[PDB]
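Novice: Turn this into a structure:
(4 chains, ligands or ions: 4)
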4 protein chains.
Amino acid sequence: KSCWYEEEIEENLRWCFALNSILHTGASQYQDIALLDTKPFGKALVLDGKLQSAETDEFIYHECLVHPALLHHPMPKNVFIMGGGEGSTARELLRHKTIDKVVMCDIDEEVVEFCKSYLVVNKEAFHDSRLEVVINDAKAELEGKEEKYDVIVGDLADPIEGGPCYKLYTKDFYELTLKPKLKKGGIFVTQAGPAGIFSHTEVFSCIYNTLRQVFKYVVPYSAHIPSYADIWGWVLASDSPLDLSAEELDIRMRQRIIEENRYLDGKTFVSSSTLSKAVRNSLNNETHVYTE
Amino acid sequence: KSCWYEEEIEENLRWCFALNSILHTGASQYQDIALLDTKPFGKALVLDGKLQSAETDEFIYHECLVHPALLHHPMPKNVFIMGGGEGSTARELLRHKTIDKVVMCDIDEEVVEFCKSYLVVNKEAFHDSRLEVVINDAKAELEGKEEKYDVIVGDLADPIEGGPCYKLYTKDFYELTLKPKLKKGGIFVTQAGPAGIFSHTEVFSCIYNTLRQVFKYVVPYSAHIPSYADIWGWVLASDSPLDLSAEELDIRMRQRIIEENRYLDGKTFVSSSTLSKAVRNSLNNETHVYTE
Amino acid sequence: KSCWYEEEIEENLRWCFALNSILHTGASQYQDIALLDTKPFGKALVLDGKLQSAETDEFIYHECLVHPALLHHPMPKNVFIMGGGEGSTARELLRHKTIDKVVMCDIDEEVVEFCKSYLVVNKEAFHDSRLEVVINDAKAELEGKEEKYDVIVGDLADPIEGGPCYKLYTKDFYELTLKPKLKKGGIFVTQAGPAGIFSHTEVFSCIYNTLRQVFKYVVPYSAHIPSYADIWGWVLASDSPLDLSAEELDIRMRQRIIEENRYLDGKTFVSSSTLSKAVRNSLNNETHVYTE
Amino acid sequence: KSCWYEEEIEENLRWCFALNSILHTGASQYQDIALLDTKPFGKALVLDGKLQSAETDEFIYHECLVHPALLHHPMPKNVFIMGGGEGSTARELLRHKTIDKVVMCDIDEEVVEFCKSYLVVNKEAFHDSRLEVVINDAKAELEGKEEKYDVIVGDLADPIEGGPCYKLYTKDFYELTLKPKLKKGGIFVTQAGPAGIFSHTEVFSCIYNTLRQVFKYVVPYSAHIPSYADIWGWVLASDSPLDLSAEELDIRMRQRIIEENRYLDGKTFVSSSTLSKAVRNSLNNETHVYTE
Ligand SMILES: Nc1ncnc2c1ncn2[C@@H]1O[C@H](CO)[C@@H](O)[C@H]1O
Ligand SMILES: Nc1ncnc2c1ncn2[C@@H]1O[C@H](CO)[C@@H](O)[C@H]1O
Ligand SMILES: Nc1ncnc2c1ncn2[C@@H]1O[C@H](CO)[C@@H](O)[C@H]1O
Ligand SMILES: Nc1ncnc2c1ncn2[C@@H]1O[C@H](CO)[C@@H](O)[C@H]1O
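Specialist: Numbers count the residues shown, from 1 in each chain, chains lettered A, B, ... in the order given. Ligands and ions are numbered 1, 2, ... in the order given. Provided below are the atomic coordinates:
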């Protein structure tokens, strides 16, 4: 009844969850950090007052971010995460039997240490001997090391000039920093912001067009995340083709992933990658490219 | 920043729209009626303080409810609407060159008169000489008249027991009243409530399962409606198959529908009818059947 | 900006405080108990989802309830509190050098234990050897014991019929139970509900009028409590006059009260007891008397 | 239930009124303008999203602003309002039989024209032959004309550097512009912002200390305004004494004011001008003076 967490999604639109408690908090120079216990969505990780991960449905975002990319790869062994302090991207990646090493590269040690203690769903992930945590800006980390990867995962905030993430979505970053760090058959996947019928023009279409300047094959896809009050997007990108059937995705899931996915089967992916009329038109007509 | 319409759309969950004004109110024996002018979604019809339709995205619901059914029919000429006092369903039907008669059978004359007075977008539709407005319970109307239809459209409220709508979702209604009023090769479509990852179990899987007990061919499908903050569902049912490629649907739309759809092309429908893993599972494993 | 406690303090009127956290909860046969940490008002005790006391301004209510009564008495030595489980009333009484015994008679042991555990400001007070805590309905306690008091203090909820408090505001209670338990020259004071320009008619004028039927001298007074968003009232009653200058009150405070009052000096009390035009009129013209 | 007007009083504090409607609006380069129909406070004039005047209680603000000043004057005939577009200050001034001319000088013609049509409580005031409306900055108007007044009334917004009002609260304005425009026995009164136990340090005490540098006799006073969620302040200032009894105020009200005041009698004024301990201490220790 009485305690509420409130979020301004758009200037004109508010989304409010009744609270059981405010469990813990932290803060860093990068962002405020909080963990709420919400009645409709259970525990919820909030960074800078924006909801990031809710207990009841974070599996949707993290399965969709991680699995398509790994499943389109013939044999993905080494993966780098840009972001991922929250730990659930690493969790889903470590469900893959083919994985030897995951590097999580988060800029904010405070998110890592907070989530490692308090998002206990990710506890085995954080303690898995295949995981290396690096506290750095993912752009400097990628630039200063020569190691190559089978999959690189963008789990960053949306591109906002002056914020710490924008540079990790430019054409130059993708071409001159990222692509050289992908092995043959390498696949890049990034979160790509809201992807609703109106909200898709904010960053999703630009992220798509940006990737399209750099990688030969670029597959945008999207899914509803109840707690975000919108459809969310992701984009796969590769110089090897990205075209597998629902059933081949399902066979690889069965063979390579420990436990059953809760959201994603191969049919769900094919649906996800078939965008609606207006969304396809936007992405196809998009001329804007992120630069700097 | 200061004026808000707020609705508790699930318990512990409020969804709030910035308000420009309250344009007109109304009432009937059945419900309170309001037309709000909202900032994020334009003019919004609210019945008993539940949002029904919002000017900026009602095209999504109405294109989805109408066009798949008619497009899957070889030559749909006459169509009966159960409910639909808001007028947009009729608007979308009347875009079809094949259609020579639309009956709108809504139990609430005040809703019809209100929307006729105040929904500018549906003025032409309400005054199309193909449209007959009938004020009656649709169950009674379908029983007492012998006329058959190529397409019957359910534009009613959700089935919750003791509602004025429950009886229009029962096996017996469908078997004994509705089906006998479909012509040979006739198609039924109904709105089917929330279709979100967890909300799809409230009524969508029951409505699907109930129609499965009466029609040979049943195709469920869903789409995000921004102003509802959920995915919403519809269900096609027929004793002839409902099976057309995306390319065939695009052709039929070009040949039969006046002007370009804003939401729906062929690939959009295919995608809509490819449900996600957990939703497909619920539907395929569902046992409840609506009866009284 | 994101976490809020909200209370509908009148119908159609919400008052919302930014929340830092929910510190502790509790419950009893009588009420839900919460200690919130709020931004504008510090720690806030909430009973059945109604704010009782807020750390930053409870001094106002408690100074106002306590000090005028004792200051108008020549030598107040023993005092009985009806209610007061929160502990601040007792805190303020025990500041008086004259006082040798305080009985706190609260019907809810859980409230007392909660506040003893969690209200740091009242720790010393709860452990003052002058204080006796009694767990009982104050009406029953006053009846079954023969001891008389110099001052009796009402720190109860408002009288609304069927409340556990109503009976403690009736003419008969005052006449038959309370007055017989005042020593010669004894003073009663009670909290008297809202005292705002329009809210003063709910209970303040009735409580004043009811006490007028039993005591020769009745002085009503009021002060703004920021966290209540209203003016609040109290009423002094005695069969000896209650009549002291501001200068005399300032002297008595300097000689009898340990440390400086934060809210109340002599001129503040004079001002508090000078009600506004419409409030004085209501009081002077009031006819309702609480009985059962 | 569903439509709400919301106001952030403090960063941490929200105050929300259920709405019947949004009646009219206007806007100017100076401020947004709206008239809401609220359930708890009736019609409400809101400028820049801050509530200014509510139907149920604006009489409190406007009686308190206007009457003390005029009633302490021996024979006030000519009055100048700085602000007053809303019309209620003029209304209350025109209830005085001694008044020959009222000049309302508002910077924003749009407030004047809006309120003249839509705040019909002020309609006789706006049409009274004794009222002259001037559209100007009150500082330029006062500076460029030689006419002197018996009473000058500040009905402006709070002093905020860079806003259009700050200059009308400086020492230099008061000494070199205002005082020369007051006749012998002239009295200045200004609204002086919030005056609550904590909120009084924002502008009230500074406005008091500022006036104290310029006028020999300065009387601060305050009253609760339910719709503002706080105690509001005003300050009288004169080089002739300001010291009348409750009863002399009452006799002058009876003789000179048409109709009965609803809020103010002379006792209410004496109470109003007796500030509480902490408020008096603040005002007396205040060293800050508004300059420029
Ligand atoms: N440049 C960056 N490199 C790595 N992680 C980042 C960067 N910017 C933001 N993040 C992390 O991304 C996550 C999502 O915002 C957060 O954990 C945040 O700390
Ligand atoms: N039994 C019914 N027959 C026809 N229309 C109905 C019935 N019950 C509700 N409606 C209409 O359905 C629409 C959606 O609730 C409303 O316009 C309502 O009037
Ligand atoms: N009849 C009563 N006797 C004593 N205390 C009471 C009674 N009813 C309520 N209270 C106490 O009054 C306080 C204020 O409501 C609470 O602590 C409550 O427990
Ligand atoms: N400098 C000024 N002179 C006159 N009126 C003003 C000035 N600044 C603000 N106002 C008016 O004061 C009123 C209260 O904010 C509004 O009607 C506004 O237009």
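Novice: switch to C-alpha atoms for all contacts and neighbour counts from now on
Specialist: Will do.
Novice: thinking residue A:204 is in contact with residue A:193, fair?
Specialist: Yes - if you go by CA atoms under 8 Å, residue A:204 and residue A:193 touch, sitting 5.6 Å apart.
Novice: residues shared between the contacts of the two?
Specialist: Residues touching both residue A:204 and residue A:193 (CA atoms under 8 Å, 6 or more residues apart in numbering or on different chains) are A:233, A:234.
Novice: neighbour count winner among the two?
Specialist: Set residue A:204 next to residue A:193 and count neighbours by other CA atoms under 10 Å in any protein chain shown: residue A:204 wins out with 29 against 25.
Novice: Torsion angles phi and psi at the more buried one?
Specialist: phi -60, psi -50 (degrees, to the nearest 10).
Novice: I'd like the distance between it and residue B:222.
Specialist: 22 Å (CA to CA, to the nearest Å).
Novice: what's residue A:256 sitting at in phi/psi?
Specialist: Dihedral pair for residue A:256: phi -110, psi -20, per degrees, to the nearest 10.
Novice: what about it, how many neighbours?
Specialist: 16.
Novice: Which elements pack onto the one helix or strand residue A:279 maps to?
Specialist: Secondary-structure element containing residue A:279, defined by DSSP states H and E: helix A:277-285. Helix A:277-285 sits against helix A:204-212, with contacts defined as 3 or more CA pairs under 8 Å, 6 or more residues apart in numbering or on different chains; DSSP states H and E.
Novice: Give the next helix or strand downstream of the helix it packs on.
Specialist: strand A:217-225.
Novice: If I take the following helix or strand past that next one and strand A:217-225, what angle do their directions form?
Specialist: Using DSSP H and E, the helix or strand that follows strand A:217-225 in sequence is strand A:230-238. Interaxial angle, strand A:230-238 versus strand A:217-225 (axes from the mean of the first three to the mean of the last three CA atoms, to 10 degrees): 160 degrees.
Novice: What lies in contact with strand A:230-238?
Specialist: A:61, A:64-65, A:68-69, A:185-196, A:204, A:207-208, A:211, A:215-225, B:224, B:226, B:229.
Novice: And for stretch A:96-112?
Specialist: Identification of contacts with stretch A:96-112 by CA under 8 Å, 6+ apart yields A:26-28, A:30, A:33, A:75-87, A:90, A:93-94, A:130-138, A:141, A:256-258.
Novice: among those residues, which are in helices?
Specialist: Residues of the contacts of stretch A:96-112 located in helices (DSSP state H): A:90, A:93, A:94, A:138, A:141, A:256.
Novice: burial of the fourth one, as a residue count?
Specialist: By other CA under 10 Å, 22 other residues sit near residue A:138.
Novice: Is it in contact with residue A:83, as I believe?
Specialist: Yes - proximity of residue A:138 to residue A:83 meets the contact threshold set by CA under 8 Å, at 7.3 Å.
Novice: and residue A:253, what helix or strand is that in?
Specialist: Here residue A:253 is assigned to helix A:246-256, by DSSP H and E.
Novice: Contacts made by that helix with the rest, please.
Specialist: Outside helix A:246-256, the residues that reach it (CA under 8 Å, 6+ apart) are A:71, A:72, A:96, A:97, A:98, A:260, A:265, A:266, A:267, A:268, A:269, A:270.
Novice: again, only this time at 10 Å
Specialist: A:67-68, A:70-75, A:95-99, A:245, A:259-261, A:264-271 (CA atoms under 10 Å, 6 or more residues apart in numbering or on different chains).
Novice: export it as CSV, just CAs?
Specialist: Extracted in CSV, the C-alpha atoms of helix A:246-256 (Å, rounded to 0.1, in the frame of the first residue of the first chain):
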residue,chain,number,x,y,z
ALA,A,246,14.9,-22.8,-34.8
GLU,A,247,15.6,-26.6,-34.6
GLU,A,248,19.3,-26.2,-35.0
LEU,A,249,19.3,-23.7,-32.2
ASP,A,250,17.3,-26.1,-30.1
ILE,A,251,19.7,-29.0,-30.7
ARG,A,252,22.7,-26.9,-29.8
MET,A,253,20.9,-25.6,-26.6
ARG,A,254,20.3,-29.2,-25.6
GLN,A,255,23.9,-30.2,-26.3
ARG,A,256,25.8,-27.2,-24.9
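Novice: starting at the chain centroid, how far to whichever helix or strand comes after that helix?
Specialist: Note on helix A:246-256: by DSSP H and E, the next helix or strand toward the C-terminus is helix A:266-272. Distance, stretch centre to chain centre, for helix A:266-272: 17 Å (CA atoms, centre = their mean, to the nearest Å).
Novice: Show me which residues of helix A:266-272 are buried.
Specialist: Neighbour counts over helix A:266-272 (16 or more other CA atoms under 10 Å in any protein chain shown) mark A:266, A:267, A:268, A:269, A:270, A:271, A:272 as buried.
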